[PDB]
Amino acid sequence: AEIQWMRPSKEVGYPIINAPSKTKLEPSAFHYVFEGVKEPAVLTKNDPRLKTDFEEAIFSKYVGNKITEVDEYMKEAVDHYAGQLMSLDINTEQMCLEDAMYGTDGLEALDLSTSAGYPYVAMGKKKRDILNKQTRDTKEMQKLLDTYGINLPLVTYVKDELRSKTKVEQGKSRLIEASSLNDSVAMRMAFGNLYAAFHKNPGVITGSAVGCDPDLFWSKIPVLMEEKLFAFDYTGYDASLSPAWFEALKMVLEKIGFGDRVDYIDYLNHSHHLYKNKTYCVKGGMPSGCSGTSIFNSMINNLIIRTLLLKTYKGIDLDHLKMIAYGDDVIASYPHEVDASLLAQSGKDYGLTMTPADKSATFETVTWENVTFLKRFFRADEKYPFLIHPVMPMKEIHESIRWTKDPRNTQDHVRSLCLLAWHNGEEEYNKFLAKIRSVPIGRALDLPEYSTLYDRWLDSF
């Protein structure tokens, strides 16, 4: 993606946006009980750890667009994917403001904790001041729509999250481009049924994993995959999507019944931003905080993988391409072996930066033994092999448990980690519970034992 221009918000009539400067993260009761190397990302220029201009580093993700034209391959990719989706019979109807707000089957209600973006972020108005979960009141929202309309600037914040030492010293913090509650609502009405259809059909038909429950879904993946697996990582996926990938996305939407509101896709692609006191225009790239971001990123990944295969392996049978994406992350397969390294080359022509799966030195064969999806490995249950365990590495869990954003959610944070950890084995799990219980805070938590989680799991199928 590329910033077209940038200048003082006041110059163009926009109020300054004040974003916190102090991280809400801090050592937790288990900070010294477990090993960890990650710490809060840099949130301001005045951060002792910085080793380069912050402002300069957070915007270094923008380096241009290598392409701006949907070629022949991309068009064929569009047709094949669009064709697959056609078989789901996605409801092309628009979603009523009520369901678009408080949810329906296939779509959760709006996240009240997340920013309501402009103009409500400099208007001091929050989300609970516009909707009530038990009321189902559209009235307020409706007036707000009619008043400010849509296509409002995206409020840009630095993301408060753990980052390695390096990325802290190089001010490599990630940015949250929050959308106005107005747009988010419009888009859920425009694509609401598309979203639901995807959430209800994680797999190789939607080629999506969004909405999935790893505890159950992991056992279905091997059955959906073809003989030979292949994968790779992306560097700066969102920012790397050229405008052409958005046009191809629109072509797909048009072909499945949504040519109706494809303009919305233009706002994702060519976006208007508000960061601090400045305002800027971005051409290309996916914004991190818009309605559907996850789903559209996955749809585009399906288009991407297909395109690179058509350009590298003419005559390939896409109908035997079995892949599942979740944003940039993907697990794919084909009846025959393919060269990820080659594919990584073709992708470079399309602006994509593909590298060896899970930071490997080079492109090695991908197997059920080493493949990962959503950071989770795949391990057959030692007693009932047909049941597959999604195995998140302890290191991730250790890193995460060493901090906290609110003592009141400690019970939940630790419980959640437990639902991830036990898949590593009873031995490992008990060592984990043991260390948690080696401090006062831990001992006061209500945590599930191994046999309890293993039995619940077996019955859930």
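Just count from 1 along the sequence shown to find any residue number.
As listed in the deposited structure, the average C-alpha B-factor of 383-391 and of 87-95 is greater for 87-95. Of the two segments, 442-450 and 9-17, the one listed with the higher mean B-factor is 9-17 (C-alpha atoms only). Remark: of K375, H272, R306, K125, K125 shows the highest value [criterion: C-alpha B-factor in the PDB entry].
Between the residues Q170, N297, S333, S242, it is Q170 that shows the highest Cα B-factor in the PDB record. Placement of the Cα temperature factor of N424 within the chain: lowest third of the modelled residues, per the deposited record. Among all modelled residues in this chain, the alpha-carbon of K435 has a temperature factor (C-alpha) in the middle third.
Among the modelled residues of the chain, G257 sits in the middle third by CA temperature factor in this PDB entry. In the PDB entry, a CA B factor belonging to the highest third of its chain's modelled residues is recorded for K51. Among all modelled residues in its chain, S416 ranks in the lowest third by Cα B-factor.
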